[PDB]
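S.K.: Residue numbers (the entry's author numbering): 26 to 779. Just so it is clear, CB atoms sit at the ideal spot from N, CA and C, and this is done for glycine as well. If you scroll down you'll find the structure; I have some questions about it.
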Ligand SMILES: OC[C@H]1O[C@H](O)[C@H](O)[C@@H](O)[C@H]1O
Ligand SMILES: [Ca+2]
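Spelled out as structure tokens, the structure:
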């Protein structure tokens, strides 16, 4: 067969063909259910499956490649072929995907000066070798060799990382050298950045979300390439969740409207995610703002939910896609759901306290990261002894990646979270030889932007601060606590209760006479991870919004089953249970879910704006130069009205421009104040202005208080910076509220009055 880029169309075996693809991810779906999920995608109206290849899933240790069982990507593609569906493969080497390090293997970071997603010779050689392995698995499944693979993506959304055409060209060449020479190669990006890395000989595709202004997404592309076929390579069907935040949803009605608009113009798309599944085990990622780890669940509000079930969105999409079939044809029947069971209360009566079950220590004079000790995943304990002190001191940990508990002679003093930028602990007076323990749990490595440079453990150093000065702390005992099931199983379990909330493994067995999917209730538990019959189910955290872990019935057995829970901070009750429905929407954070509280009223009365302006109407980036340089710690944008004359303001992204006229780093930014936020009907929290996601936005309240203009957002830059201008991106939809018109900008060194 053939697949070709034609004149305003794709051609499948010489005939016009509109790609209607479903994104599903083989590691996020138990292998026993691959067929069921593919059949769900076919019944929805799709003709193609789109998938990433996840490098770190196949080469978790250097030189050791695995493509068996759950990792059998060729078997996955053949299953799609057997069900009459084409495949698009996106082999990376970086895939983002809310997945550990964006698919990159942690062991790259053993080279401390490595450069990632650039032509670093060590990185590039490992990429070459990995792609070659993918080629041996998949090149013979190109449509041109009798298989079903129709296109291959080169890299992934490089426009959101940098500008490096020689890099992308070399990746393209490595994809070809691996054997992918028979089908079109393409690169994806946003409508705002695709030109930066666009190569003459690749197809250019665009990614955007439910509700986007479709014409705006493709207009510039058609000025450059009047005859290119148009494809949305990721049409976001929903969104992912962050630990501590609200469960995300997106409108089915809006999705269908955009899908219809594309299909009425024969525009191709791949729906991301069509079924998301679960980031099982340690494989979940982390992204912006700051460090924001993503939930274990990848339900995504996709049409096919986490456990493979029909949703109202599925039914709306199917109703639409049923009208776009070659004449005569009807959609296949929707597969039956996989049965569910409830599992009665499981009492976790056996426990092995972590600090009483430690491995052999490595002695290290200096702090080093976990990768320096040949550890990629899990937790790491750093232990030392301290000198006598009659006065209190401060312990400075620089920096804990990601969630550290500090103990003194076994008594917990504090918890330090990277989500909160924490690194300081007050120590009481010390006796000579007092034992300091810093247990650092590593969550996923960041999967987006420059966050992929994510070394775990303590990144640099530990210091003691007294009135005398600051002293580096040396002479450590280091204990690797790996995620391997074998490590969790090999512990001295005893019938015991956790009086002191110490980190511990908990074990129980339970009988089952009939099997089905279930949802393990973690509401009683603190933070940690779970194994069921050896299978690593994923991470949990009491802050939510996710409170249940999906447990596939194919990982349960008749007769005796085993559950082990690693719980870091102690459960409120040492019991769990299996529910027939998940809990995905229960937050239990510290403080109100808002950037304004009682008694806060921003007062601009004695402030003079740096700039007053008017934004243009409609969609797309706007860049503003102030014609001067201002040293800034705090930035306030005061929106005065909107283009529609209504009471709401919204912002998708804000950047501030430095002395060189380019965006400053937002790594350390903080929203100090937003006058109003919608957090009930949607998750339009104010940090959405710096998550590097053009599909997410801050929006003022509309569901209850619905306050009028003026509206304001105040940002702490986290450091003093010389600012020359700023950039504003409104929400991506057409015809919606909150398109700011008149505005003022204020820049200060001292705090605003709030
Ligand atoms: O879900 C958000 C989405 O963002 C980008 O489009 C990436 O290419 C995807 O891998 C995914 O991370
Ligand atoms: Ca955003």
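Going by the C-beta, is residue 264 closer than 8 angstroms to any heavy atom of ligand 1?
M.R.: Within the cutoff, so yes.
S.K.: With DSSP as the reference, identify every bridge partner of residue 487, one or two as the case may be.
M.R.: The partner list for residue 487 (beta bridge, DSSP) reads 422.
S.K.: Taking Cβ to Cβ, would you say residue 747 is nearer than 9 angstroms to residue 683?
M.R.: Yes; because the gap between Cβ atoms is below 9 angstroms, this pair is in contact.
S.K.: Beta carbon of residue 304, beta carbon of residue 332: below 9 angstroms?
M.R.: In this structure, residue 332 does not lie closer than 9 angstroms to residue 304 by Cβ.
S.K.: Which residue from 313, 257 and 275 puts its Cα closest to that of residue 286?
M.R.: Ranking the options by Cα distance to residue 286, first place goes to 257.
S.K.: On the DSSP bridge list, what partners appear for residue 503?
M.R.: 387 and 407.
S.K.: Can at least three beta-carbon pairs, one atom from the region 596 to 611 and one from the region 441 to 458, be found at a separation below 8 angstroms?
M.R.: Touching, no.
S.K.: Measure the C-alpha to C-alpha separation of residue 487 and residue 440 and round it to an integer number of angstroms.
M.R.: Approximately 15 angstroms between the Cα atoms of the pair.
S.K.: Determine the burial state of residue 41: buried for a count of at least 16 other Cβ atoms within 10 Å of its Cβ, exposed for fewer.
M.R.: Residue 41 comes out exposed.
S.K.: Do residue 212 and residue 228 have their CB atoms nearer than 9 angstroms?
M.R.: It is a contact, given that the beta carbons lie within the stated cut-off.
S.K.: What runs of the beta strand (DSSP E), each 3 residues or longer, lie entirely inside the region 709 to 765?
M.R.: Whole beta strand (DSSP E) segments, 3+ residues: 736 to 754.
S.K.: Provide the residue(s) that pair with residue 430 in DSSP beta bridges, ordered along the chain.
M.R.: Answer by DSSP bridge pairing, in chain order: 440 and 464.
S.K.: What number of angstroms, rounded off, separates the C-alpha of residue 531 from the C-alpha of residue 571?
M.R.: Approximately 21 angstroms, taken between the alpha carbons.
S.K.: For residue 768, does the three-state DSSP call read helix, strand or coil?
M.R.: Residue 768 falls in the strand class under three-state DSSP.
S.K.: Taking only three categories from DSSP, how would you classify residue 311?
M.R.: DSSP places residue 311 in strand when its eight states are reduced to three.
S.K.: Please give me, in chain order, every unbroken run of the beta strand (DSSP E) with length at least 3 that falls completely inside the region 503 to 551.
M.R.: Complete beta strand (DSSP E) runs here, min 3: 529 to 537 and 543 to 546.
S.K.: Evaluate contact between the region 485 to 504 and the region 413 to 420, counting only Cβ atoms and requiring at least three cross-stretch pairs below 8 angstroms.
M.R.: Yes, the region 485 to 504 is in contact with the region 413 to 420.
S.K.: Is residue 473 near ligand 1, with its Cβ less than 8 angstroms from a heavy atom?
M.R.: Because some heavy atom of ligand 1 lies under 8 angstroms away, the Cβ of residue 473 counts as near it: yes.
S.K.: Hey, is the region 69 to 84 in contact with the region 28 to 46, meaning 3+ C-beta pairs nearer than 8 angstroms?
M.R.: They touch, by the three-pair rule.
S.K.: Would DSSP call residue 147 helix, strand or coil?
M.R.: Three-state result, residue 147: helix.
S.K.: DSSP on residue 318, reduced to helix/strand/coil?
M.R.: In the structure shown, residue 318 sits in a strand (DSSP, three-state: E or B).
S.K.: Tell me where the alpha helix (DSSP H) around residue 304 begins and ends.
M.R.: Unbroken run through residue 304: none, as it is neither H nor E.
S.K.: Opposite residue 638 in the DSSP bridges: which residues?
M.R.: Paired residue(s): 768.
S.K.: Given that a residue counts as buried once 16 or more other Cβ atoms are within 10 Å of its Cβ, and exposed if not, what is residue 727?
M.R.: Buried.
S.K.: What are the start and end residues of each continuous beta strand (DSSP E) run of 3 or more residues lying completely inside the region 254 to 309, in chain order?
M.R.: Qualifying beta strand (DSSP E) stretches, in chain order: 256 to 261 and 293 to 297.
S.K.: Three or more beta-carbon pairs under 8 angstroms between the region 51 to 71 and the region 301 to 317, yes or no?
M.R.: Segments in contact, yes.
S.K.: Are the beta-carbon atoms of residue 470 and residue 479 separated by less than 9 angstroms?
M.R.: Result yes, Cβ atoms of residue 470 and residue 479 sit closer than 9 angstroms.
S.K.: Exposed or buried, what is residue 725 when buried is set at 16 or more other beta-carbons lying within 10 Å of its beta-carbon?
M.R.: The residue is buried, with at least 16 neighbouring Cβ atoms inside 10 Å.
S.K.: Count the other CB atoms within 10 Å of the CB of residue 543; is the residue buried (16 or more) or exposed (fewer)?
M.R.: Residue 543 should be labelled buried.
S.K.: What residues match up with residue 232 in a beta bridge as DSSP calls it?
M.R.: Answer is 259, bridged to residue 232.
S.K.: Please classify residue 593 as buried or exposed, where buried requires at least 16 other C-beta atoms within 10 Å of its C-beta.
M.R.: Buried is the call here.
S.K.: Confirm, please, whether the CB-CB distance from residue 408 to residue 325 is below 9 angstroms.
M.R.: Going by C-beta atoms, residue 325 is not nearer than 9 angstroms to residue 408.
S.K.: Nearest-angstrom Cα distance between residue 757 and residue 667?
M.R.: Rounded to the nearest angstrom, the two C-alpha atoms are 15 angstroms apart.
S.K.: Using a threshold of 8 angstroms, is the CB atom of residue 678 nearer than that to any non-hydrogen atom of ligand 2?
M.R.: At least one heavy atom of ligand 2 is nearer than 8 angstroms to the Cβ of residue 678, so yes.
S.K.: Residue 98: which of 601, 641 and 112 sits nearest, CA to CA?
M.R.: Residue 112 is the option with its Cα nearest to residue 98.
S.K.: Only counting runs of 3 or more residues, tell me where the beta strand (DSSP E) segments fall wholly within the region 169 to 246, in order along the chain.
M.R.: Here the runs fully enclosed are 174 to 178, 210 to 214 and 228 to 234.
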